[PDB]
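Trainee: Provided herewith is a single structure, encoded as structure tokens, for subsequent inquiry.
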There are 14 protein chains.
Amino acid sequence: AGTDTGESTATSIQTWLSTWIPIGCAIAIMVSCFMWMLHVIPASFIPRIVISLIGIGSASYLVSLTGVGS
Amino acid sequence: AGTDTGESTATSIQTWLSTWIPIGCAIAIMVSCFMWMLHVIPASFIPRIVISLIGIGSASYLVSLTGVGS
Amino acid sequence: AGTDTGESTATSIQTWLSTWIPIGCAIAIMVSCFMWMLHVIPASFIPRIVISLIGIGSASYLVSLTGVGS
Amino acid sequence: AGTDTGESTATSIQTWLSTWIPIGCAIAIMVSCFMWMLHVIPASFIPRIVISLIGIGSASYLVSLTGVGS
Amino acid sequence: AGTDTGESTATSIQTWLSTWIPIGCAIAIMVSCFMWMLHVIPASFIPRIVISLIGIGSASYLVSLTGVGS
Amino acid sequence: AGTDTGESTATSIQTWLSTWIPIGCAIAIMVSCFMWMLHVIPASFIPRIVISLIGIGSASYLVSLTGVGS
Amino acid sequence: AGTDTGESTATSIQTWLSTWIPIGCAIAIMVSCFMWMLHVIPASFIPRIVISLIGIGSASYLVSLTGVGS
Amino acid sequence: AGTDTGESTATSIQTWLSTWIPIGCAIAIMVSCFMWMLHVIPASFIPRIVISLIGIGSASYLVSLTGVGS
Amino acid sequence: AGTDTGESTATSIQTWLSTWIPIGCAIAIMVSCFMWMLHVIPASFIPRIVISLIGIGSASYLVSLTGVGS
Amino acid sequence: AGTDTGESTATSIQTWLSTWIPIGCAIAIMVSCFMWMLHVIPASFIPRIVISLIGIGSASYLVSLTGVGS
Amino acid sequence: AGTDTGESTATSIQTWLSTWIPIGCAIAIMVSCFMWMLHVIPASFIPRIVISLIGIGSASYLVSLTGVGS
Amino acid sequence: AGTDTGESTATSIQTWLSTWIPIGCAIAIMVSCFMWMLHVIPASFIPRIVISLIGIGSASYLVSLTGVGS
Amino acid sequence: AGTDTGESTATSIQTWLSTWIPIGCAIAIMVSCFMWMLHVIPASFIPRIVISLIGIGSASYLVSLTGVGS
Amino acid sequence: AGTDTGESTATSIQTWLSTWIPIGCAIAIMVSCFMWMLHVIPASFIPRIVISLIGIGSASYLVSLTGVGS
Ligand SMILES: CCCCCCCC/C=C/CCCCCCCC(=O)O[C@H](COC(=O)CCCCCCCCCCCCCCC)COP(=O)(O)OC[C@@H](O)CO
Ligand SMILES: CCCCCCCC/C=C/CCCCCCCC(=O)O[C@H](COC(=O)CCCCCCCCCCCCCCC)COP(=O)(O)OC[C@@H](O)CO
Ligand SMILES: CCCCCCCC/C=C/CCCCCCCC(=O)O[C@H](COC(=O)CCCCCCCCCCCCCCC)COP(=O)(O)OC[C@@H](O)CO
Ligand SMILES: CCCCCCCC/C=C/CCCCCCCC(=O)O[C@H](COC(=O)CCCCCCCCCCCCCCC)COP(=O)(O)OC[C@@H](O)CO
Ligand SMILES: CCCCCCCC/C=C/CCCCCCCC(=O)O[C@H](COC(=O)CCCCCCCCCCCCCCC)COP(=O)(O)OC[C@@H](O)CO
Ligand SMILES: CCCCCCCC/C=C/CCCCCCCC(=O)O[C@H](COC(=O)CCCCCCCCCCCCCCC)COP(=O)(O)OC[C@@H](O)CO
Ligand SMILES: CCCCCCCC/C=C/CCCCCCCC(=O)O[C@H](COC(=O)CCCCCCCCCCCCCCC)COP(=O)(O)OC[C@@H](O)CO
Ligand SMILES: CCCCCCCC/C=C/CCCCCCCC(=O)O[C@H](COC(=O)CCCCCCCCCCCCCCC)COP(=O)(O)OC[C@@H](O)CO
Ligand SMILES: CCCCCCCC/C=C/CCCCCCCC(=O)O[C@H](COC(=O)CCCCCCCCCCCCCCC)COP(=O)(O)OC[C@@H](O)CO
Ligand SMILES: CCCCCCCC/C=C/CCCCCCCC(=O)O[C@H](COC(=O)CCCCCCCCCCCCCCC)COP(=O)(O)OC[C@@H](O)CO
Ligand SMILES: CCCCCCCC/C=C/CCCCCCCC(=O)O[C@H](COC(=O)CCCCCCCCCCCCCCC)COP(=O)(O)OC[C@@H](O)CO
Ligand SMILES: CCCCCCCC/C=C/CCCCCCCC(=O)O[C@H](COC(=O)CCCCCCCCCCCCCCC)COP(=O)(O)OC[C@@H](O)CO
């Protein structure tokens, strides 16, 4: 009697986040490198950025790799 | 019914930081060289400054190199 | 039938804080430098004071930069 | 309907600290020089004392230099 | 409603230290000369003792020379 | 036909509290400093005491600053 | 119709604490110095004891310095 | 209606500690000298033991020197 | 027409508790020290035990110190 | 009309714990020394074991030393 | 109405650990000597192994030496 | 006129739980050790498992030790 | 009147976990070694993996060793 | 009534990691050698890389060597 807005709403939210999450990732790299130059944080932040970027781009693939939502 | 201020807000914050982050980088180079002259810190700070400057200028390129936000 | 005291009350609170927040900032600089002389805290407090002062003076500009309240 | 004790309280606290902070600074110089004589700490404490004294005496000037509280 | 014990406490601590710090300085000179006789430490300790004694006796003068606490 | 005991009762309660609230504030400062000496609580209690004292003495002024009860 | 036991009760509690708080302060100094000898805690505890003792003896003066309870 | 066990309890605890703290101090001197013989720790432990012993024996005098508990 | 069992009942309950509360206090000291040995809880429990014992033995005196029940 | 099981129950619990708490203390010493050999924890655990053993054996004496339960 | 499994459980755990803790101690000696050959760690590990072995074999004796569990 | 099913029902419930509670205890040990390997929880879970196992096996004995149900 | 699914359900859950817990343990070893290569975590993770593996394989034996569920 | 995705999900995650963990290991060797050339880190990193590579390739074998998951 109505419209199913469950799948569409979830897809719309996913599309919206991808608009500005990538820009926020670039900000963190610039700010983190600045803090490292000032001797505020250790250098163990470099591997974190690469691993986090792997997870962000592989989010959809990882979920289906476990059999959920197929 | 409104305006999307997700991408614009992230871009505005990125533009603002680039106004004064470069000046802060020059301050660190001057202060770090002063501390080295006083025998307070080792000389291993020189490679750090070059590597940090590489990361700051390559932040946007590095993010898209991993496929995020394209 | 009455008076709108929403904008005025918020403005009055903002004006009151600016009277004594700046004096409190000077106290922290003096006390933090004293603790550093005593070998109680590391020197990574110096960049914090500059960054915090940037945020305090740019509070109004930063809010409107994101499109809120215009 | 009352009295504003925001600016006065902050000023009173600042005036009180300046009574005994300078005496504490002289104690640190005497004790630090003693520890250096005993071969307990390195000589990199001498530049710290001068820099800390610069910050303590310039606390008020530095805050207004950034535009806060004017 | 009470008594201010900020300046007095700092002065009392300064007076107490001067009672036994000078005796400790004489002990270091005697022990350091003994170690030098045994070929345990280099002779670069002699200039350190003179410079440390200059700093201990000039602690109060040096603090006010920078404008702090006047 | 009677007496209005609304404003008087509120004023009487306010006057009574001011008799012993200030003494209770001094107790907290003494006890809090004792706990800090014992390594039981962090040093972030010092700014709390100053801010709370500002609020207690400015209670009447703050209420009228928002236009209530004038 | 009764007796006001607000100011008296607060004063009585303050007087009681001053009987045994000073003895507890001496215990902490003795125990803290013992732990330092055993290489369990750093030497940054010495400035804490002096600052805490300043606060304990100045509790009443500090409260009235801000205008509360006068 | 009862007995005040605030001052007595604090005094009893102080008396108990002095029974075995001095013996523990002698153990540390013997063990620390052993570790030094084995080339495990530097010789900067010798000044620490003297300074700690000064603090332990002067705990009561130091507290009253600041005006607390008199 | 009957017997007043208000004061007697309260006194009887107080006497009963004092029979086994002290034994329970000794159990806590033994168990708390065991947990500390196992690195389960911090050492800030030691001051708590002394302060709690002061309160337990001074319960009757503290109540009458405030003027209640005299 | 019944039996008082307040003092007896507390005594029974105390006696039960002393059966196996001492064996648990020996386990901790053996395990802690093993972890130290593996370079997992610092050597500041040795003074903790001695102090904890002092507290466990002196639990009953310490409680009565403060006047509780006599 | 049941069985006391407090002393037995503690004894069983102690017996189990002694089965494989000694083998783990031999592994550490072999691995630590290997790291020393590679110039990765200093030679101050040799005294640690002897002292740790003394503590492991004397765990039960040390506990009863202090009067606990007898 | 009927049958007393009070003691029997309580005994039956106790017997049923002992069938699968022990298996659940083994699951927790396996899962807790897995979480520790992943750096999700601290190592203070090991003493908890031993103490909980002591309580489970001594439930009946502990109840009668206090005189209840005999 | 029904079927007892208490012991069977607990056994079924235990059997299911053992299917994939071992594979998860191998993943942690591979990932932990990778983080160590990157200088992100200390080397004290190696003893943890061995001890955790001992606990996982001995879960059933350890539970019955204490007398629970026999 | 469904599908068991416990073993398969764990296996899939293990297979995915092996795709890019080896490439990350080669990056660390290249970067670590660069830092060594610049006199930033000591040469004790060479044995770490070999030992970490041994652990990564032996993860599955080591787990079953202890009896887990067989
Ligand atoms: C994209 C690729 C980027 C690669 C990374 C950038 C590389 C830039 C060069 C530096 C490292 C060169 C290789 C290592 C040289 C060999 C190692 C060496 O000589 O050791 C020290 C450095 O000396 C040295 O060279 C010292 C001089 C090195 C610097 C050369 C001049 C550069 C400009 C100077 C202003 C800084 C500007 C920083 C931003 C660019 C000794 O010295 P000094 O006895 O003091 O004891 C310091 C301490 O030990 C005190 O405790
Ligand atoms: C898919 C697989 C991904 C794998 C993970 C990514 C790997 C990327 C490389 C980093 C780790 C390399 C292995 C470890 C190197 C050996 C360990 C080492 O050298 O240690 C520090 C790092 O130095 C170093 O190399 C420092 C340089 C390492 C980084 C190399 C250049 C990268 C670009 C730079 C901009 C960042 C962009 C981040 C996003 C990509 C010393 O340094 P620094 O004395 O400062 O004391 C810092 C601190 O100790 C201060 O408290
Ligand atoms: C908008 C952009 C803003 C950018 C952010 C502001 C930047 C302002 C400069 C600071 C960082 C400079 C770069 C880092 C310098 C290289 C790193 C360095 O030298 O390390 C320490 C700092 O030394 C140092 O320079 C110490 C001196 C640095 C400060 C220079 C003088 C400033 C005035 C002083 C009063 C404070 C006023 C704060 C408000 C302005 C060593 O020291 P110290 O052996 O003590 O061991 C401390 C600790 O390790 C003890 O545990
Ligand atoms: C606004 C700008 C401010 C700038 C900052 C202030 C500058 C004030 C001078 C100091 C640094 C000079 C540059 C560095 C000198 C070259 C480096 C040098 O010589 O090294 C050490 C210092 O020696 C030295 O000079 C030692 C002497 C330096 C101090 C000169 C006399 C000053 C008064 C003395 C009382 C202190 C009062 C502090 C408050 C003013 C050797 O020594 P020493 O073998 O002991 O091994 C110590 C350790 O290595 C033991 O582990
Ligand atoms: C209107 C505007 C009001 C503004 C608010 C009031 C401001 C008043 C100053 C305090 C904050 C200063 C800025 C922060 C200083 C930099 C931060 C710093 O040093 O950190 C700690 C504080 O040390 C410190 O300074 C400690 C000293 C700070 C206090 C200075 C003396 C004040 C009098 C003392 C009696 C109390 C009376 C309270 C009522 C007035 C270290 O310490 P401590 O190693 O112990 O580890 C404690 C913990 O971490 C243990 O777990
Ligand atoms: C109230 C005032 C109190 C003032 C404080 C007390 C002062 C008591 C004297 C000590 C410091 C003397 C001044 C410094 C001497 C000059 C500095 C010196 O010689 O350096 C080291 C100490 O040597 C030395 O003297 C070593 C000998 C110094 C001690 C003299 C005999 C004292 C009794 C011995 C039993 C301890 C009892 C401790 C409690 C009293 C070399 O040594 P060693 O090559 O080993 O490398 C150790 C390490 O570097 C290994 O890594
Ligand atoms: C109102 C104003 C008040 C101002 C605040 C009070 C000031 C009172 C002096 C202390 C700080 C002096 C300035 C800092 C000195 C320079 C810094 C310094 O030397 O560092 C440590 C302290 O050494 C030192 O001086 C140690 C000696 C400092 C103390 C001097 C004697 C005081 C009496 C002793 C009994 C305590 C009584 C406490 C209540 C009064 C080294 O040491 P140690 O190798 O052990 O490594 C400890 C750790 O690093 C181990 O992990
Ligand atoms: C009326 C007035 C009463 C005043 C209150 C009573 C005072 C009684 C003394 C305690 C506090 C002393 C001042 C603080 C000391 C300086 C602070 C200090 O050393 O810190 C810890 C305590 O160490 C320490 O001293 C530990 C030893 C302190 C206790 C001294 C022996 C007492 C008897 C022992 C049995 C208990 C009986 C309790 C009932 C009496 C370090 O330790 P540990 O590395 O373990 O890390 C623990 C944790 O951090 C682990 O997460
Ligand atoms: C109950 C009482 C127990 C007492 C404690 C046990 C005592 C057992 C002996 C050791 C300490 C002897 C006293 C100190 C010796 C004088 C100090 C000395 O020589 O210094 C180092 C040790 O050298 C040395 O002796 C090195 C040799 C010392 C060991 C002698 C052979 C022992 C067996 C070997 C297998 C280990 C088995 C461990 C378990 C038993 C130099 O060396 P190396 O240039 O390498 O720079 C290492 C580093 O500096 C690299 O950074
Ligand atoms: C009632 C009064 C009680 C008083 C309290 C008890 C006192 C019992 C002695 C210990 C402290 C002695 C004073 C401090 C010694 C000087 C300080 C010292 O040497 O430092 C460490 C301890 O070394 C050391 O002595 C290590 C040896 C100290 C222990 C001496 C043998 C005791 C038996 C051994 C089995 C344990 C049984 C515990 C229950 C009794 C170095 O070491 P290690 O390079 O490893 O770096 C560890 C870490 O830094 C690694 O991160
Ligand atoms: C009746 C009397 C019962 C008494 C109670 C039972 C006692 C059983 C032993 C444990 C405590 C030993 C005393 C404390 C040891 C000294 C303290 C110590 O070493 O600390 C941690 C534990 O390490 C350690 O020993 C870790 C090893 C301790 C366990 C020894 C092997 C036991 C079997 C293993 C499977 C579990 C089976 C559980 C059921 C029996 C460090 O570790 P790790 O760096 O990981 O940081 C963890 C965390 O800090 C991460 O955030
Ligand atoms: C399964 C069993 C595995 C066993 C573990 C692997 C073993 C692989 C060899 C290394 C250790 C050899 C034993 C120790 C040698 C004796 C000790 C020695 O010489 O000391 C340093 C290392 O020098 C040296 O050899 C330096 C050369 C050692 C390496 C030999 C060539 C290897 C390939 C190179 C690319 C890395 C690839 C890493 C992955 C395979 C001096 O140097 P350098 O003055 O620089 O001061 C560095 C620092 O002190 C600066 O602060």
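Letters for chains follow the order of the structure tokens (A, B, ...), residue numbers begin at 1 for each chain, and ligand numbers begin at 1 in the order shown.
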Please identify all polymer residues within 12 Å of segment 36-40 of chain H, counting only C-alpha atoms, omitting same-chain residues fewer than 3 positions from it, and present them as a PDB file with C-alpha atoms, in the first residue's frame.
Mentor:
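Final output, part19.pdb:
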ATOM      1  CA  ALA H  28      67.646  -0.654  49.449  1.00  0.00           C
ATOM      2  CA  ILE H  29      71.169   0.642  50.104  1.00  0.00           C
ATOM      3  CA  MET H  30      72.541  -2.905  50.206  1.00  0.00           C
ATOM      4  CA  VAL H  31      70.637  -4.030  47.105  1.00  0.00           C
ATOM      5  CA  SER H  32      71.381  -0.863  45.121  1.00  0.00           C
ATOM      6  CA  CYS H  33      75.108  -1.188  45.809  1.00  0.00           C
ATOM      7  CA  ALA H  43      76.014   5.641  39.888  1.00  0.00           C
ATOM      8  CA  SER H  44      73.450   8.456  40.033  1.00  0.00           C
ATOM      9  CA  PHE H  45      71.617   6.444  42.712  1.00  0.00           C
ATOM     10  CA  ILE H  46      73.995   7.594  45.472  1.00  0.00           C
TER      11      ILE H  46
ATOM     12  CA  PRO K  42      72.846  -5.591  26.622  1.00  0.00           C
ATOM     13  CA  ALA K  43      74.542  -8.127  28.864  1.00  0.00           C
ATOM     14  CA  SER K  44      72.631  -7.008  31.964  1.00  0.00           C
ATOM     15  CA  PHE K  45      70.194  -9.876  31.313  1.00  0.00           C
ATOM     16  CA  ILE K  46      72.522 -12.464  32.888  1.00  0.00           C
ATOM     17  CA  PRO K  47      72.013 -11.297  36.512  1.00  0.00           C
ATOM     18  CA  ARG K  48      68.256 -11.126  35.905  1.00  0.00           C
TER      19      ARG K  48
END
Trainee: Counting only C-alpha atoms, what is within 12 Å of segment 51-64 of chain I, bar same-chain residues fewer than 4 positions away, as a compact mmCIF listing (two decimals) with N, CA, C and O atoms, in the first residue's frame?
Mentor:
# COMPACT_ATOMS: atom_id res chain seq x y z
N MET F 35 43.86 14.91 48.59
CA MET F 35 43.72 13.74 47.71
C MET F 35 44.74 13.79 46.58
O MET F 35 45.27 12.75 46.16
N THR G 5 21.96 25.70 62.89
CA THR G 5 23.15 24.87 62.96
C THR G 5 23.78 24.70 61.58
O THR G 5 24.31 23.65 61.25
N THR G 9 27.86 24.02 62.16
CA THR G 9 28.20 22.68 61.71
C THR G 9 29.34 22.71 60.69
O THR G 9 30.24 21.87 60.74
N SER G 12 32.54 23.48 62.59
CA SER G 12 32.98 22.35 63.39
C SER G 12 33.67 21.30 62.52
O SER G 12 34.68 20.71 62.92
N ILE G 13 33.13 21.04 61.33
CA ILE G 13 33.74 20.07 60.43
C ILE G 13 35.10 20.55 59.97
O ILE G 13 36.05 19.76 59.84
N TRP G 16 37.61 20.04 62.82
CA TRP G 16 37.95 18.63 63.04
C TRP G 16 38.98 18.14 62.03
O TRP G 16 39.93 17.45 62.39
N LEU G 17 38.81 18.50 60.75
CA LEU G 17 39.72 18.01 59.72
C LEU G 17 41.14 18.50 59.96
O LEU G 17 42.10 17.76 59.76
N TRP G 20 43.80 16.24 62.02
CA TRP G 20 44.52 15.07 61.54
C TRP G 20 44.96 15.15 60.08
O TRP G 20 45.76 14.31 59.66
N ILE G 21 44.48 16.12 59.30
CA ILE G 21 45.00 16.29 57.94
C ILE G 21 46.49 16.61 57.97
O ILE G 21 47.24 16.01 57.19
N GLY G 24 48.46 13.46 58.36
CA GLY G 24 48.42 12.68 57.14
C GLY G 24 49.36 13.21 56.07
O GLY G 24 49.90 12.44 55.27
N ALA H 1 29.15 12.25 72.14
CA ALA H 1 28.51 11.01 72.55
C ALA H 1 29.45 9.83 72.33
O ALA H 1 29.18 8.71 72.76
N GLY H 2 30.56 10.09 71.64
CA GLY H 2 31.53 9.05 71.36
C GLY H 2 32.95 9.49 71.64
O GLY H 2 33.18 10.35 72.50
N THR H 3 33.91 8.92 70.92
CA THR H 3 35.31 9.25 71.07
C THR H 3 35.87 9.70 69.73
O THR H 3 35.56 9.11 68.69
N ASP H 4 36.70 10.74 69.76
CA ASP H 4 37.34 11.26 68.55
C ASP H 4 38.57 10.42 68.26
O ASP H 4 39.55 10.45 69.01
N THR H 5 38.53 9.66 67.17
CA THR H 5 39.63 8.80 66.76
C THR H 5 40.24 9.27 65.45
O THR H 5 40.67 8.48 64.61
N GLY H 6 40.28 10.59 65.25
CA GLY H 6 40.88 11.14 64.06
C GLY H 6 42.35 11.44 64.23
O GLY H 6 43.18 11.01 63.42
N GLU H 7 42.69 12.19 65.28
CA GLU H 7 44.10 12.50 65.53
C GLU H 7 44.85 11.27 66.01
O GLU H 7 45.99 11.04 65.59
N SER H 8 44.24 10.46 66.88
CA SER H 8 44.92 9.28 67.41
C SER H 8 45.20 8.27 66.31
O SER H 8 46.29 7.68 66.27
N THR H 9 44.23 8.04 65.42
CA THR H 9 44.44 7.07 64.34
C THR H 9 45.57 7.50 63.42
O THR H 9 46.39 6.67 63.00
N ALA H 10 45.63 8.78 63.08
CA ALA H 10 46.71 9.27 62.24
C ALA H 10 48.06 9.14 62.93
O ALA H 10 49.06 8.77 62.31
N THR H 11 48.11 9.45 64.23
CA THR H 11 49.36 9.30 64.97
C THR H 11 49.79 7.84 65.07
O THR H 11 50.98 7.52 64.94
N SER H 12 48.83 6.94 65.29
CA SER H 12 49.16 5.52 65.41
C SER H 12 49.74 4.99 64.10
O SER H 12 50.68 4.18 64.11
N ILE H 13 49.17 5.40 62.97
CA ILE H 13 49.68 4.95 61.68
C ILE H 13 51.09 5.47 61.44
O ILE H 13 51.95 4.77 60.90
N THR I 11 19.66 1.28 69.96
CA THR I 11 20.91 0.95 70.64
C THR I 11 21.28 -0.52 70.44
O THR I 11 22.45 -0.85 70.24
N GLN I 14 22.77 -1.04 67.03
CA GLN I 14 24.13 -0.52 66.97
C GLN I 14 25.12 -1.47 67.63
O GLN I 14 26.22 -1.70 67.12
N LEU I 17 25.83 -4.65 65.38
CA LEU I 17 26.68 -4.44 64.21
C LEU I 17 28.15 -4.40 64.60
O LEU I 17 29.01 -4.93 63.88
N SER I 18 28.47 -3.77 65.73
CA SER I 18 29.86 -3.65 66.14
C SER I 18 30.49 -5.00 66.46
O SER I 18 31.71 -5.09 66.60
N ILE I 21 31.13 -6.13 62.28
CA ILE I 21 31.70 -5.17 61.33
C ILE I 21 33.22 -5.11 61.44
O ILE I 21 33.89 -5.15 60.40
N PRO I 22 33.82 -5.03 62.62
CA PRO I 22 35.29 -5.02 62.69
C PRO I 22 35.94 -6.23 62.04
O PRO I 22 37.00 -6.09 61.42
N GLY I 24 34.73 -7.95 59.52
CA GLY I 24 34.60 -7.73 58.09
C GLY I 24 35.62 -6.74 57.56
O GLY I 24 36.06 -6.86 56.41
N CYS I 25 35.99 -5.75 58.37
CA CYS I 25 37.01 -4.79 57.94
C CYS I 25 38.36 -5.46 57.76
O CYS I 25 39.10 -5.12 56.83
N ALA I 26 38.71 -6.39 58.64
CA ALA I 26 39.98 -7.10 58.50
C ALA I 26 39.99 -7.96 57.24
O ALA I 26 41.03 -8.12 56.60
N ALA I 28 38.49 -7.30 54.38
CA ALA I 28 38.69 -6.44 53.22
C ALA I 28 40.16 -6.08 53.05
O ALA I 28 40.67 -6.05 51.93
N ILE I 29 40.85 -5.78 54.15
CA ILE I 29 42.27 -5.43 54.07
C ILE I 29 43.06 -6.60 53.49
O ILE I 29 43.93 -6.41 52.63
N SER I 44 45.58 3.08 45.03
CA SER I 44 44.80 4.12 45.70
C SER I 44 43.80 3.55 46.69
O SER I 44 42.99 4.32 47.22
N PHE I 45 43.79 2.24 46.95
CA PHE I 45 42.90 1.69 47.96
C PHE I 45 43.44 1.87 49.37
O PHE I 45 42.67 1.84 50.33
N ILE I 46 44.76 2.05 49.52
CA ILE I 46 45.34 2.18 50.86
C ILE I 46 44.79 3.39 51.59
O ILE I 46 44.36 3.25 52.74
N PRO I 47 44.78 4.60 51.01
CA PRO I 47 44.19 5.74 51.74
C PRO I 47 42.72 5.55 52.05
O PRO I 47 42.24 6.07 53.07
N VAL I 68 23.12 17.35 66.60
CA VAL I 68 21.99 16.44 66.53
C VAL I 68 22.03 15.49 67.72
O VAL I 68 23.09 14.96 68.09
N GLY I 69 20.88 15.27 68.34
CA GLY I 69 20.77 14.34 69.44
C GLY I 69 21.65 14.67 70.62
O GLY I 69 22.61 13.94 70.91
N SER I 70 21.34 15.76 71.31
CA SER I 70 22.08 16.14 72.51
C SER I 70 21.13 16.65 73.59
O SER I 70 20.27 15.92 74.08
N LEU J 62 46.06 -4.11 62.43
CA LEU J 62 45.87 -2.75 61.93
C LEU J 62 44.47 -2.24 62.26
O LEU J 62 44.30 -1.05 62.58
N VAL J 63 43.46 -3.10 62.17
CA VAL J 63 42.09 -2.66 62.43
C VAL J 63 41.93 -2.20 63.87
O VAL J 63 41.36 -1.14 64.15
N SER J 64 42.45 -2.99 64.82
CA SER J 64 42.31 -2.62 66.23
C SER J 64 43.23 -1.47 66.60
O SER J 64 42.97 -0.77 67.59
N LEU J 65 44.29 -1.25 65.83
CA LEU J 65 45.19 -0.13 66.10
C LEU J 65 44.46 1.20 65.98
O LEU J 65 44.87 2.18 66.61
N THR J 66 43.40 1.26 65.17
CA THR J 66 42.62 2.47 64.99
C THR J 66 41.45 2.57 65.96
O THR J 66 40.67 3.53 65.87
N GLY J 67 41.29 1.61 66.87
CA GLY J 67 40.24 1.64 67.85
C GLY J 67 38.94 0.97 67.45
O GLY J 67 38.03 0.88 68.28
N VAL J 68 38.83 0.50 66.21
CA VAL J 68 37.61 -0.16 65.76
C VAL J 68 37.56 -1.57 66.33
O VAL J 68 38.55 -2.30 66.33
N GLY J 69 36.38 -1.95 66.81
CA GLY J 69 36.18 -3.30 67.31
C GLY J 69 37.08 -3.68 68.46
O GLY J 69 37.96 -4.54 68.31
N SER J 70 36.89 -3.05 69.62
CA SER J 70 37.65 -3.38 70.81
C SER J 70 36.77 -3.38 72.05
O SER J 70 35.83 -4.18 72.15
Trainee: Could you please write out, as a PyMOL selection string, every residue of chain E that DSSP assigns to alpha helix (DSSP H)?
Mentor: chain E and resi 7-37+45-57+59-65
Trainee: Please measure the separation of atom 36 (C, counted along the ligand's line) of ligand 12 and atom CA of residue 23 of chain N, giving the value in Å to one decimal.
Mentor: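 Atom 36 (C, counted along the ligand's line) of ligand 12 sits 15.9 Å away from atom CA of residue 23 of chain N.
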Trainee: How many Å lie between atom CA of residue 27 of chain B and atom 11 (C, counted along the ligand's line) of ligand 3, rounded to one decimal?
Mentor: 7.8 Å
Trainee: Between atom 12 (C, counted along the ligand's line) of ligand 5 and atom CA of residue 19 of chain C, what distance in Å does the model show, to one decimal?
Mentor: 18.7 Å
